[PDB]
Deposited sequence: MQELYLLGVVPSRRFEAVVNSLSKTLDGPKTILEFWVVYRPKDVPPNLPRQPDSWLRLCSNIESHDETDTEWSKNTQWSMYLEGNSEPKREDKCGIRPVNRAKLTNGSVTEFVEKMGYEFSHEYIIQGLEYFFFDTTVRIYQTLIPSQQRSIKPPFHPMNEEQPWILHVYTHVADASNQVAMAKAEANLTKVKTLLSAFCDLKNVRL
């Protein structure tokens, strides 16, 4: 799967105004609250690390063992393509959703070990067949815990603006072109309040 995207940063002081602008020009938003745990094979190559995502927006913070009562999406994110400066970014992204018992332990059995984990807090909008997410990456107050509070990595942490769309087949030239065209439309639509550009991933 191919992910075409644009990235931008929104200072904490402008958050309110940018969100209202996004609500005035786009469809949405829907809240985003995800728990991510990353596993690496047991120069390191992170594009081969397993990135597990659980939607904690649908959990009881009181649930002592939420990780076993959840569905995890498993991702493999490659490095974005180079020489695409001044153009939208592109990177390979593969996904598979897995359940049954404790996925965490299953991936360790496959030969992987825990690397790091974090929480994503934000809003998600939609327009021109693309998704625009504005979020902050947080740190659990206790490893593998969904019980607040969650701490920012820095007190003057900006919000990240990530605009993207997915194309199933990289070979489909028409689909790829329609996606870049859609990103371009969203870019100018948000250019009045946020600079979006290709950033390496």
*So which bits of the deposited chain never got modelled?*
43 to 48
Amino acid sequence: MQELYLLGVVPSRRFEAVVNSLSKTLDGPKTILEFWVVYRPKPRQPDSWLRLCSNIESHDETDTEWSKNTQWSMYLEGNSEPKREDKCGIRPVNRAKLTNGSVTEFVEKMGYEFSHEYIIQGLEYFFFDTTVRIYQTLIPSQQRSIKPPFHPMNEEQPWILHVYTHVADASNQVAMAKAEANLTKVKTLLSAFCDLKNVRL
From here on, numbers count along this sequence of modelled residues.
*Higher-B stretch (mean Cα B-factor, as the entry records it), 72 to 80 or 98 to 106*: 98 to 106
*Mean C-alpha B factor from the entry: is it higher for 24 to 32 or for 167 to 175?*
167 to 175
*Using the B-factor values recorded in the entry, state whether the Cα atom of residue 43 falls in the lowest, middle or highest third among the modelled residues of its chain.*
highest
*Divide the modelled residues of the chain into thirds by Cα B-factor and specify which third, lowest, middle or highest, holds residue 85.*
highest
*asked:* Could you place residue 7 in the lowest, middle or highest third of its chain by Cα temperature factor, using the values in the record?
replied: lowest
*Among all modelled residues of this chain, ranked by Cα B factor, put residue 59 in the bottom, middle or top third, i.e. lowest, middle or highest.*
highest
*For residue 147, does the deposited CA B-factor place it in the lowest, middle or highest third of the chain?*
highest
